[PDB]
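Data file: protein_24.cif. Format and content: mmCIF, N, CA and C atoms.
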```cif
data_structure
loop_
_atom_site.label_atom_id
_atom_site.label_comp_id
_atom_site.auth_asym_id
_atom_site.auth_seq_id
_atom_site.Cartn_x
_atom_site.Cartn_y
_atom_site.Cartn_z
N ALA A 1 97.29 24.57 -87.24
CA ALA A 1 95.93 24.90 -87.61
C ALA A 1 95.30 25.88 -86.63
N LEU A 2 95.64 25.77 -85.35
CA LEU A 2 95.09 26.66 -84.35
C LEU A 2 95.73 28.04 -84.39
N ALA A 3 96.93 28.15 -84.96
CA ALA A 3 97.61 29.44 -85.01
C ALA A 3 96.97 30.36 -86.03
N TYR A 4 96.50 29.80 -87.13
CA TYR A 4 96.19 30.55 -88.34
C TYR A 4 94.76 30.23 -88.76
N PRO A 5 93.78 30.98 -88.27
CA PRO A 5 92.41 30.80 -88.75
C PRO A 5 92.22 31.25 -90.18
N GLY A 6 93.11 32.09 -90.71
CA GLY A 6 93.05 32.46 -92.11
C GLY A 6 93.39 31.33 -93.06
N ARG A 7 94.16 30.34 -92.60
CA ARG A 7 94.47 29.17 -93.42
C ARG A 7 93.44 28.06 -93.29
N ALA A 8 92.23 28.37 -92.86
CA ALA A 8 91.22 27.34 -92.72
C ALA A 8 90.65 26.96 -94.08
N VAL A 9 90.37 25.68 -94.25
CA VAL A 9 89.57 25.21 -95.37
C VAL A 9 88.11 25.32 -94.96
N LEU A 10 87.29 25.89 -95.84
CA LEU A 10 85.89 26.18 -95.56
C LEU A 10 85.03 25.41 -96.56
N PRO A 11 84.82 24.11 -96.34
CA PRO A 11 84.10 23.30 -97.32
C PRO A 11 82.63 23.62 -97.44
N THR A 12 81.93 23.56 -96.32
CA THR A 12 80.50 23.80 -96.27
C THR A 12 80.23 25.09 -95.52
N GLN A 13 78.95 25.42 -95.35
CA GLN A 13 78.57 26.60 -94.59
C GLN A 13 78.48 26.23 -93.11
N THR A 14 79.65 25.95 -92.56
CA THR A 14 79.82 25.85 -91.13
C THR A 14 79.57 27.24 -90.53
N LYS A 15 79.05 27.27 -89.30
CA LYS A 15 78.91 28.56 -88.63
C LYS A 15 80.27 29.18 -88.34
N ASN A 16 81.29 28.35 -88.14
CA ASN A 16 82.66 28.85 -88.14
C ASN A 16 83.05 29.38 -89.51
N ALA A 17 82.59 28.71 -90.58
CA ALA A 17 82.87 29.18 -91.93
C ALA A 17 82.12 30.44 -92.28
N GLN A 18 81.02 30.73 -91.57
CA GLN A 18 80.38 32.03 -91.72
C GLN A 18 81.27 33.14 -91.19
N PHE A 19 82.09 32.84 -90.19
CA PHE A 19 83.03 33.79 -89.63
C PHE A 19 84.36 33.81 -90.38
N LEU A 20 84.92 32.63 -90.66
CA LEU A 20 86.26 32.57 -91.26
C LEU A 20 86.28 32.98 -92.72
N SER A 21 85.13 33.10 -93.37
CA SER A 21 85.09 33.66 -94.71
C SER A 21 85.29 35.17 -94.71
N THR A 22 85.14 35.82 -93.56
CA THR A 22 85.35 37.25 -93.44
C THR A 22 86.82 37.59 -93.24
N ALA A 23 87.68 36.57 -93.12
CA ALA A 23 89.08 36.78 -92.80
C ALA A 23 89.83 37.40 -93.97
N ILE A 24 90.51 38.51 -93.71
CA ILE A 24 91.30 39.19 -94.73
C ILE A 24 92.59 38.40 -94.93
N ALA A 25 92.97 38.19 -96.19
CA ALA A 25 93.93 37.14 -96.51
C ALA A 25 95.36 37.53 -96.13
N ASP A 26 95.73 38.79 -96.28
CA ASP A 26 97.09 39.22 -96.02
C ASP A 26 97.34 39.60 -94.56
N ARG A 27 96.51 39.11 -93.64
CA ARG A 27 96.65 39.36 -92.21
C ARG A 27 97.32 38.20 -91.51
N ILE A 28 98.28 37.55 -92.15
CA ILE A 28 98.80 36.28 -91.67
C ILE A 28 100.30 36.22 -91.92
N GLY A 29 101.00 35.50 -91.04
CA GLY A 29 102.43 35.34 -91.19
C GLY A 29 103.17 36.60 -90.81
N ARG A 30 104.44 36.64 -91.20
CA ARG A 30 105.24 37.81 -90.89
C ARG A 30 104.87 38.97 -91.79
N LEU A 31 105.17 40.16 -91.32
CA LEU A 31 104.95 41.37 -92.09
C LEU A 31 106.23 42.17 -92.29
N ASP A 32 107.07 42.26 -91.26
CA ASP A 32 108.34 42.98 -91.34
C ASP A 32 109.40 42.11 -90.67
N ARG A 33 110.23 41.45 -91.48
CA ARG A 33 111.40 40.76 -90.95
C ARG A 33 112.53 41.77 -90.89
N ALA A 34 112.72 42.39 -89.72
CA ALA A 34 113.74 43.42 -89.54
C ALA A 34 115.09 42.76 -89.27
N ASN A 35 115.67 42.22 -90.33
CA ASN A 35 116.98 41.59 -90.25
C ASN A 35 118.09 42.58 -90.56
N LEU A 36 119.28 42.29 -90.04
CA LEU A 36 120.43 43.17 -90.17
C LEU A 36 121.53 42.57 -91.02
N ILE A 37 121.88 41.31 -90.76
CA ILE A 37 123.02 40.66 -91.39
C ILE A 37 122.51 39.49 -92.22
N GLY A 38 122.96 39.41 -93.47
CA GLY A 38 122.70 38.23 -94.26
C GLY A 38 123.52 37.06 -93.74
N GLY A 39 122.86 35.92 -93.56
CA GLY A 39 123.50 34.76 -92.99
C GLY A 39 123.40 34.65 -91.49
N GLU A 40 122.95 35.70 -90.81
CA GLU A 40 122.76 35.69 -89.37
C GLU A 40 121.26 35.76 -89.09
N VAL A 41 120.87 35.30 -87.90
CA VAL A 41 119.47 35.22 -87.52
C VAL A 41 118.87 36.62 -87.43
N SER A 42 117.62 36.75 -87.84
CA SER A 42 116.96 38.05 -87.85
C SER A 42 116.69 38.52 -86.43
N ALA A 43 116.81 39.83 -86.22
CA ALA A 43 116.74 40.36 -84.86
C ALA A 43 115.31 40.37 -84.34
N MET A 44 114.35 40.78 -85.17
CA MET A 44 113.01 41.08 -84.68
C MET A 44 112.04 40.92 -85.84
N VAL A 45 111.30 39.83 -85.86
CA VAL A 45 110.24 39.65 -86.82
C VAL A 45 108.95 40.22 -86.24
N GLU A 46 108.01 40.53 -87.12
CA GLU A 46 106.76 41.19 -86.74
C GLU A 46 105.63 40.48 -87.47
N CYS A 47 104.97 39.56 -86.77
CA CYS A 47 104.03 38.64 -87.38
C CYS A 47 102.64 38.79 -86.78
N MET A 48 101.63 38.53 -87.60
CA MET A 48 100.25 38.47 -87.14
C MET A 48 99.86 37.01 -86.98
N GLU A 49 99.42 36.65 -85.78
CA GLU A 49 99.00 35.29 -85.49
C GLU A 49 98.06 35.36 -84.29
N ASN B 1 103.53 22.82 -126.02
CA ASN B 1 102.80 21.57 -126.19
C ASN B 1 103.75 20.42 -126.49
N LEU B 2 104.92 20.72 -127.05
CA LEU B 2 105.96 19.72 -127.22
C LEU B 2 106.52 19.24 -125.89
N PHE B 3 106.41 20.06 -124.85
CA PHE B 3 106.94 19.73 -123.54
C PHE B 3 105.84 19.29 -122.58
N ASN B 4 104.73 18.78 -123.12
CA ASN B 4 103.59 18.23 -122.38
C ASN B 4 102.93 19.26 -121.47
N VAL B 5 102.96 20.53 -121.87
CA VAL B 5 102.32 21.60 -121.12
C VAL B 5 101.32 22.28 -122.05
N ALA B 6 100.09 22.45 -121.57
CA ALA B 6 99.05 23.12 -122.33
C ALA B 6 98.78 24.49 -121.74
N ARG B 7 98.54 25.46 -122.60
CA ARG B 7 98.15 26.79 -122.15
C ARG B 7 96.63 26.90 -122.15
N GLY B 8 96.14 28.01 -121.63
CA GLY B 8 94.72 28.29 -121.64
C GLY B 8 93.97 27.54 -120.55
N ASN B 9 92.69 27.89 -120.43
CA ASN B 9 91.87 27.39 -119.34
C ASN B 9 91.32 26.01 -119.69
N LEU B 10 90.36 25.54 -118.90
CA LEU B 10 89.93 24.15 -118.98
C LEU B 10 88.44 24.06 -118.72
N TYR B 11 87.71 23.45 -119.65
CA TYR B 11 86.27 23.29 -119.53
C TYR B 11 85.92 21.89 -119.06
N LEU B 12 84.80 21.78 -118.36
CA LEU B 12 84.27 20.50 -117.90
C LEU B 12 82.78 20.41 -118.18
N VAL B 13 82.37 20.71 -119.40
CA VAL B 13 80.99 20.46 -119.78
C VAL B 13 80.87 19.00 -120.19
N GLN B 14 79.66 18.46 -120.17
CA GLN B 14 79.52 17.17 -120.82
C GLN B 14 79.00 17.38 -122.23
N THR B 15 79.25 16.38 -123.06
CA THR B 15 78.62 16.30 -124.37
C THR B 15 78.51 14.83 -124.74
N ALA B 16 77.35 14.44 -125.25
CA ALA B 16 77.06 13.05 -125.59
C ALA B 16 77.30 12.79 -127.07
N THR B 17 78.32 13.44 -127.62
CA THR B 17 78.58 13.38 -129.04
C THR B 17 79.05 11.99 -129.46
N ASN B 18 78.70 11.63 -130.68
CA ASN B 18 79.13 10.38 -131.28
C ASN B 18 80.22 10.59 -132.31
N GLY B 19 80.24 11.76 -132.94
CA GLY B 19 81.19 12.06 -133.99
C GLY B 19 82.56 12.43 -133.50
N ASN B 20 83.23 13.28 -134.27
CA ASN B 20 84.63 13.60 -134.05
C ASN B 20 84.79 14.47 -132.81
N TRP B 21 85.95 14.34 -132.17
CA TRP B 21 86.20 15.00 -130.90
C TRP B 21 87.69 15.27 -130.78
N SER B 22 88.04 16.44 -130.26
CA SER B 22 89.43 16.85 -130.13
C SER B 22 89.53 17.86 -129.00
N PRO B 23 89.96 17.43 -127.82
CA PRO B 23 90.14 18.38 -126.71
C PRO B 23 91.29 19.34 -126.92
N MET B 24 92.26 18.99 -127.76
CA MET B 24 93.40 19.87 -128.01
C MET B 24 92.96 21.15 -128.72
N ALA B 25 92.32 21.00 -129.88
CA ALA B 25 91.85 22.14 -130.67
C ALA B 25 90.36 21.95 -130.93
N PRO B 26 89.50 22.41 -130.02
CA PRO B 26 88.05 22.32 -130.26
C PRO B 26 87.63 23.32 -131.33
N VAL B 27 87.04 22.80 -132.40
CA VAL B 27 86.66 23.65 -133.53
C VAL B 27 85.47 24.51 -133.16
N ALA B 28 84.53 23.95 -132.39
CA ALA B 28 83.31 24.64 -132.02
C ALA B 28 83.60 25.79 -131.06
N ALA B 29 82.58 26.62 -130.87
CA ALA B 29 82.70 27.79 -130.01
C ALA B 29 82.82 27.35 -128.56
N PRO B 30 83.54 28.12 -127.73
CA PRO B 30 83.53 27.84 -126.30
C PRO B 30 82.15 28.11 -125.72
N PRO B 31 81.73 27.34 -124.72
CA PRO B 31 80.36 27.50 -124.21
C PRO B 31 80.13 28.81 -123.48
N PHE B 32 81.15 29.33 -122.81
CA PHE B 32 81.05 30.60 -122.10
C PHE B 32 82.45 31.11 -121.80
N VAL B 33 82.50 32.37 -121.38
CA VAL B 33 83.71 33.04 -120.96
C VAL B 33 83.43 33.58 -119.55
N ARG B 34 84.43 34.21 -118.93
CA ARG B 34 84.28 34.63 -117.54
C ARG B 34 83.31 35.79 -117.39
N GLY B 35 83.38 36.77 -118.27
CA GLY B 35 82.49 37.91 -118.15
C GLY B 35 81.17 37.78 -118.86
N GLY B 36 80.79 36.58 -119.28
CA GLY B 36 79.63 36.39 -120.12
C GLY B 36 78.30 36.52 -119.41
N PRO B 37 77.21 36.23 -120.12
CA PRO B 37 75.89 36.30 -119.50
C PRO B 37 75.58 35.05 -118.69
N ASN B 38 74.92 35.27 -117.54
CA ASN B 38 74.43 34.26 -116.60
C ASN B 38 75.53 33.41 -115.96
N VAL B 39 76.79 33.71 -116.23
CA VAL B 39 77.91 32.94 -115.71
C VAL B 39 78.42 33.67 -114.48
N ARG B 40 78.99 32.92 -113.54
CA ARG B 40 79.34 33.49 -112.26
C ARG B 40 80.59 32.82 -111.71
N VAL B 41 81.39 33.62 -111.01
CA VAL B 41 82.68 33.18 -110.49
C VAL B 41 82.48 32.77 -109.04
N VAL B 42 83.02 31.62 -108.68
CA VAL B 42 82.93 31.15 -107.31
C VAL B 42 83.86 31.97 -106.42
N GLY B 43 83.53 32.04 -105.14
CA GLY B 43 84.37 32.73 -104.17
C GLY B 43 85.49 31.84 -103.68
N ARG B 44 86.11 32.26 -102.58
CA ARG B 44 87.15 31.46 -101.97
C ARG B 44 86.55 30.23 -101.32
N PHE B 45 87.27 29.11 -101.44
CA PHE B 45 87.06 27.82 -100.79
C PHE B 45 85.82 27.07 -101.27
N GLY B 46 85.02 27.63 -102.18
CA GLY B 46 83.90 26.94 -102.79
C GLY B 46 82.83 26.47 -101.83
N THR B 47 82.32 27.38 -101.01
CA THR B 47 81.47 27.02 -99.89
C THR B 47 80.07 26.64 -100.38
N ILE B 48 79.73 25.36 -100.27
CA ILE B 48 78.37 24.89 -100.49
C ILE B 48 77.55 25.11 -99.22
#
```
In structure tokens, write the structure found in this file.
Amino acid sequence: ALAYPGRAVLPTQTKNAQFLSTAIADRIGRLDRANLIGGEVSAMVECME
Amino acid sequence: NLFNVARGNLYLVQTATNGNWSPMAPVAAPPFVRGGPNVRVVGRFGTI
């Protein structure tokens, strides 16, 4: 929960929810998994957190 | 519908009707649509 403020549930108008409602949705998780070999671990992921 | 799956959206109006009722095929008009008058779409997370 602390890693990803974009995954917050915003039930009421919390003052945090006044901020976290401005969060752009696709700014979370990995963006470019630069993998080389299928079946082998990816070399360099590129994630927003 | 044979496989217990319904298509289309879902209304939650109340009605105090005494007569015939059928949620599967409502004969009457739908109360509103998404782009209609005075109707409004909620944002993300439903913030009250």
Spell out the residues picked by the PyMOL selection byres ((chain A and resi 20-27) around 7) here, as a list in words.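 Output from the PyMOL selection byres ((chain A and resi 20-27) around 7), applied to this file: residues 5, 6, 15, 16, 17, 18, 19, 28, 29, 48 and 49 of chain A.
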Find, counting only C-alpha atoms, the residue in A:47, A:1, A:10, A:34 that gets nearest to chain B.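 Among the listed residues, A:10 lies closest to chain B.
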Proximal residues of chain B relative to chain A (only C-alpha atoms; 10 Å) as a short mmCIF file (atom, residue, chain, number, x, y, z; two decimals) with N, CA and C atoms, keeping the file's coordinate frame:
```cif
data_model
loop_
_atom_site.label_atom_id
_atom_site.label_comp_id
_atom_site.auth_asym_id
_atom_site.auth_seq_id
_atom_site.Cartn_x
_atom_site.Cartn_y
_atom_site.Cartn_z
N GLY B 43 83.53 32.04 -105.14
CA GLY B 43 84.37 32.73 -104.17
C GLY B 43 85.49 31.84 -103.68
N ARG B 44 86.11 32.26 -102.58
CA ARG B 44 87.15 31.46 -101.97
C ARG B 44 86.55 30.23 -101.32
N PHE B 45 87.27 29.11 -101.44
CA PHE B 45 87.06 27.82 -100.79
C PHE B 45 85.82 27.07 -101.27
N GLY B 46 85.02 27.63 -102.18
CA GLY B 46 83.90 26.94 -102.79
C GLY B 46 82.83 26.47 -101.83
N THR B 47 82.32 27.38 -101.01
CA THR B 47 81.47 27.02 -99.89
C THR B 47 80.07 26.64 -100.38
N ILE B 48 79.73 25.36 -100.27
CA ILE B 48 78.37 24.89 -100.49
C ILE B 48 77.55 25.11 -99.22
#
```
For stretch 20-29 of chain B, please output as an NGL selection string all residues within 10 Å (counting only C-alpha atoms; exclusion window: fewer than 5 positions along the same chain). :B and (1 or 6 or 10-11)
Could you give me, as an NGL selection string, each residue of chain A that DSSP assigns to helix (DSSP H, G or I) when run on this structure's backbone? :A and (5-7 or 15-20)
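What separates atom C of residue B:34 from atom N of residue B:19 is a distance of 28.8 Å.
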What is the atom C of residue A:43-atom C of residue A:3 distance in Å, reported with one decimal? 21.0 Å
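As for atom CA of residue B:32 and atom CA of residue B:3, they are spaced 28.1 Å apart.
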What parts of chain A does DSSP call strand (DSSP E or B)? I'd like the answer as an mmCIF file with N, CA and C atoms, keeping the file's coordinate frame.
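Done, and the output landed in out30.cif:
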```cif
data_model
loop_
_atom_site.group_PDB
_atom_site.id
_atom_site.type_symbol
_atom_site.label_atom_id
_atom_site.label_comp_id
_atom_site.auth_asym_id
_atom_site.auth_seq_id
_atom_site.Cartn_x
_atom_site.Cartn_y
_atom_site.Cartn_z
ATOM 1 N N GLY A 29 101.000 35.500 -91.040
ATOM 2 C CA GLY A 29 102.430 35.340 -91.190
ATOM 3 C C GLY A 29 103.170 36.600 -90.810
ATOM 4 N N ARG A 30 104.440 36.640 -91.200
ATOM 5 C CA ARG A 30 105.240 37.810 -90.890
ATOM 6 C C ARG A 30 104.870 38.970 -91.790
ATOM 7 N N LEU A 31 105.170 40.160 -91.320
ATOM 8 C CA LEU A 31 104.950 41.370 -92.090
ATOM 9 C C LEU A 31 106.230 42.170 -92.290
ATOM 10 N N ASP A 32 107.070 42.260 -91.260
ATOM 11 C CA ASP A 32 108.340 42.980 -91.340
ATOM 12 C C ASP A 32 109.400 42.110 -90.670
ATOM 13 N N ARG A 33 110.230 41.450 -91.480
ATOM 14 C CA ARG A 33 111.400 40.760 -90.950
ATOM 15 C C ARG A 33 112.530 41.770 -90.890
ATOM 16 N N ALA A 34 112.720 42.390 -89.720
ATOM 17 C CA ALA A 34 113.740 43.420 -89.540
ATOM 18 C C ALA A 34 115.090 42.760 -89.270
ATOM 19 N N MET A 44 114.350 40.780 -85.170
ATOM 20 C CA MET A 44 113.010 41.080 -84.680
ATOM 21 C C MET A 44 112.040 40.920 -85.840
ATOM 22 N N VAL A 45 111.300 39.830 -85.860
ATOM 23 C CA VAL A 45 110.240 39.650 -86.820
ATOM 24 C C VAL A 45 108.950 40.220 -86.240
ATOM 25 N N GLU A 46 108.010 40.530 -87.120
ATOM 26 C CA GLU A 46 106.760 41.190 -86.740
ATOM 27 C C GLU A 46 105.630 40.480 -87.470
ATOM 28 N N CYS A 47 104.970 39.560 -86.770
ATOM 29 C CA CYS A 47 104.030 38.640 -87.380
ATOM 30 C C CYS A 47 102.640 38.790 -86.780
ATOM 31 N N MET A 48 101.630 38.530 -87.600
ATOM 32 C CA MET A 48 100.250 38.470 -87.140
ATOM 33 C C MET A 48 99.860 37.010 -86.980
#
```
For a cutoff of 8 Å around the file-coordinate point (113.9, 40.7, -88.9), which residues qualify once you count all atoms listed in the file? I'd like the result as a list in words.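 Those within range, by chain then number, are residues 32, 33, 34, 35, 36, 41, 42, 43, 44, 45 and 46 of chain A.
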Atoms are missing here; could stretch 23-40 of chain B be completed with N, CA, C and O atoms and written as a compact mmCIF listing (two decimals), keeping the file's coordinate frame?
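Result file result_5.txt:
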```
# COMPACT_ATOMS: atom_id res chain seq x y z
N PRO B 23 89.96 17.43 -127.82
CA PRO B 23 90.14 18.38 -126.71
C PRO B 23 91.29 19.34 -126.92
O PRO B 23 91.30 20.40 -126.28
N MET B 24 92.26 18.99 -127.76
CA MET B 24 93.40 19.87 -128.01
C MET B 24 92.96 21.15 -128.72
O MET B 24 93.19 22.26 -128.24
N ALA B 25 92.32 21.00 -129.88
CA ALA B 25 91.85 22.14 -130.67
C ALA B 25 90.36 21.95 -130.93
O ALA B 25 89.97 21.38 -131.95
N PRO B 26 89.50 22.41 -130.02
CA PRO B 26 88.05 22.32 -130.26
C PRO B 26 87.63 23.32 -131.33
O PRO B 26 87.85 24.52 -131.19
N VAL B 27 87.04 22.80 -132.40
CA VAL B 27 86.66 23.65 -133.53
C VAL B 27 85.47 24.51 -133.16
O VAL B 27 85.39 25.68 -133.52
N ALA B 28 84.53 23.95 -132.39
CA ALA B 28 83.31 24.64 -132.02
C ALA B 28 83.60 25.79 -131.06
O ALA B 28 84.69 25.94 -130.52
N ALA B 29 82.58 26.62 -130.87
CA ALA B 29 82.70 27.79 -130.01
C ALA B 29 82.82 27.35 -128.56
O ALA B 29 82.31 26.29 -128.17
N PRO B 30 83.54 28.12 -127.73
CA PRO B 30 83.53 27.84 -126.30
C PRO B 30 82.15 28.11 -125.72
O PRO B 30 81.42 28.99 -126.21
N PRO B 31 81.73 27.34 -124.72
CA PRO B 31 80.36 27.50 -124.21
C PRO B 31 80.13 28.81 -123.48
O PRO B 31 79.03 29.36 -123.58
N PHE B 32 81.15 29.33 -122.81
CA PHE B 32 81.05 30.60 -122.10
C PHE B 32 82.45 31.11 -121.80
O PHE B 32 83.44 30.40 -121.94
N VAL B 33 82.50 32.37 -121.38
CA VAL B 33 83.71 33.04 -120.96
C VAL B 33 83.43 33.58 -119.55
O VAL B 33 82.33 33.41 -119.03
N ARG B 34 84.43 34.21 -118.93
CA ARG B 34 84.28 34.63 -117.54
C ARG B 34 83.31 35.79 -117.39
O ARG B 34 82.48 35.80 -116.47
N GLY B 35 83.38 36.77 -118.27
CA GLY B 35 82.49 37.91 -118.15
C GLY B 35 81.17 37.78 -118.86
O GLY B 35 80.47 38.79 -119.02
N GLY B 36 80.79 36.58 -119.28
CA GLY B 36 79.63 36.39 -120.12
C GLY B 36 78.30 36.52 -119.41
O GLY B 36 78.23 36.88 -118.23
N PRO B 37 77.21 36.23 -120.12
CA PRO B 37 75.89 36.30 -119.50
C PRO B 37 75.58 35.05 -118.69
O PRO B 37 75.98 33.94 -119.05
N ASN B 38 74.92 35.27 -117.54
CA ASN B 38 74.43 34.26 -116.60
C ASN B 38 75.53 33.41 -115.96
O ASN B 38 75.22 32.50 -115.18
N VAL B 39 76.79 33.71 -116.23
CA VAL B 39 77.91 32.94 -115.71
C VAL B 39 78.42 33.67 -114.48
O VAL B 39 78.26 34.89 -114.33
N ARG B 40 78.99 32.92 -113.54
CA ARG B 40 79.34 33.49 -112.26
C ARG B 40 80.59 32.82 -111.71
O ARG B 40 80.83 31.63 -111.91
```
